[PDB]
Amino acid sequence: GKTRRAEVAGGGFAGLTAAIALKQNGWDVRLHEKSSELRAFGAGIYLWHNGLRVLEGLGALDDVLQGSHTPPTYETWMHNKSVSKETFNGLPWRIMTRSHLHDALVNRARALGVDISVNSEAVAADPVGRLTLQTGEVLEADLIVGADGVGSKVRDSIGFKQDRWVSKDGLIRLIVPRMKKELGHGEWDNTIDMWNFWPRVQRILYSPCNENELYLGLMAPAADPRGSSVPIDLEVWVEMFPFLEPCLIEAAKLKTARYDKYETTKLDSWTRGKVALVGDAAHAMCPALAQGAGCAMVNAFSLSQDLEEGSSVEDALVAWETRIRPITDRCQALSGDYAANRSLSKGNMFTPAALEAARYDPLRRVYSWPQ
C-alpha cells in the first residue's frame, strides 16, 4: 500500500530491461535469477537504433556506447569476394560483448534499487499474481514477468499454446583479441560476414566490439565433426579463413567454447491475467536480423509504458501485446525466412522490410531512419 509490486523471473536482457523500466516508474521490483551469478552468455551482440533507444529510455545508453563499436560498414563476403557493403542510410547500430551490455544493465538495475536475488529459480506462476520458487516459497505481486528464456518455466507452468522449434545446425561464438596489426592490410574494423559453400560449408561472422575485443561466430554443420568441434579445430578454420589466422590461433586457446543450436518459439498469446511473457520466453527467433534481444528489450520497455495508463494490470497487458507484438511477429518471420534460405549470403539483404524492427523508436512510438 499503495506501491505496485512486480516479480521478475529471469536476469537476462529482457528481465533486466523490464526491472529497470518498472522501477523507474515507481514499481517495487524484485528480480530472480536462477543461476548463481548475474551473467550473459553468447560472447558478443549487435544492437540497432531500436535497442539503443531502449537503452536511452533506461538511462544506460552512454554506459553502453563507451567501450562498444560501430563499424564503418557491414560487409558481406562469398568465397572471399566482397558482394556488398551496407551502412543502413545512417541508422544507428552498435556491436559489443554481451558482458559489456549485461554489466551496464546490472549496474543500472542495482543503482535504481531493484531487489536482486540469484540462485532463485521460478518454477511456477499463477495468473492471479503468484510466483513460486524452487525453494517452495510463494510470492504474491501485482505483476509477474516471465523473462526466463526460451525454456521459460513461467510460461510452461501455465501452459501457453506454442510452436517451438530447434535447429539442426549451430555455431561457436567467442571473444578474442583484435590482433589488428597482425591482420595486416584490410578493412578490419568492418563487420564482415564471410560465407562459404565450397569446398565446405563454413562461415565466420567477424564482429569488432572495440579496440581490444573481437567477436567471432564460427558456423559449420552439426554433422561436420571438425568444424563443429570445441575447442576449435584450428586447421579447418585457418584453411578456409587464412587471413584470420592470428585471431583463430587465439580462439583455439579457449577450452570452454561451446557449439550451440538455434531455437525459436512463437506463442498464440503473451499474457494471462497478471503474467506477461517477454523476450525469448515469448518470441525466440532466428538471429539473421540480429533483433532477438532488440525486440526483447523493446517489448519489455513497452510493457512498462502500457502499465502507466491507469488501467488494471490485466487490461494493460492485453493492450501491450496488441500494440507491440506485430513488429516482433514480422521480424521473427522474416528472420526465419532469411535463415531458411541463407539469404544473407547474397549480401544487400538489410532492406527496408528487414530493418523494420530496427527503425522502430520505442520512446516516441514511431518509425525513424527511413530506408
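Just so we're on the same page, rigid core means the largest C-alpha set that superposes within 1.5 Å between forms. A residue's number is simply how far along the shown sequence it sits, counting from 1.
Engineer: To spell it out: superpose each other structure in 6 other deposited structures of this protein onto this one by the rigid core, compute Cα RMS over structures and residues for 175 to 183 and for 158 to 166. Which is larger?
Structural biologist: With the rigid core fitted, 158 to 166 is the stretch that strays more in 6 other deposited structures of this protein.
Engineer: Taking only the CA atoms, which stretch has the higher mean B-factor in the record, 15 to 23 or 347 to 355?
Structural biologist: The stretch with the larger average C-alpha B-factor is 347 to 355.
Engineer: Quick check: 209 to 217 versus 292 to 300, which has the larger average CA B-factor in the record?
Structural biologist: The recorded data point to 209 to 217.
Engineer: So among 92, 279, 184, 72, who wins on Cα B-factor in the entry?
Structural biologist: Going by the entry's C-alpha B-factors, 184 comes out highest.
Engineer: Whose CA atom has the top B-factor in the entry, of 108, 153, 283, 173?
Structural biologist: Answer, based on the entry's C-alpha B-factors: 153.
Engineer: In terms of the CA temperature factor given in the entry, to which third of its chain does residue 270 belong: lowest, middle or highest?
Structural biologist: It belongs to the lowest third of the chain when residues are ordered by C-alpha B-factor.
Engineer: Split the chain's modelled residues into thirds by Cα B-factor; is residue 98 in the lowest, middle or highest one?
Structural biologist: Within its chain, residue 98 is a lowest-third residue by C-alpha B-factor, going by the deposited values.
Engineer: Should residue 36 be placed in the lowest, middle or highest third of its chain by the C-alpha B factor in the entry?
Structural biologist: Highest third - that is where residue 36 ends up once the chain's C-alpha B-factors are sorted.
Engineer: Relative to the other modelled residues in the chain, which third contains the C-alpha temperature factor of residue 260: lowest, middle or highest?
Structural biologist: It falls in the top third of the chain.
Engineer: In terms of the chain's CA B-factor thirds, is residue 76 lowest, middle or highest?
Structural biologist: Tercile = lowest for this residue's CA B-factor.
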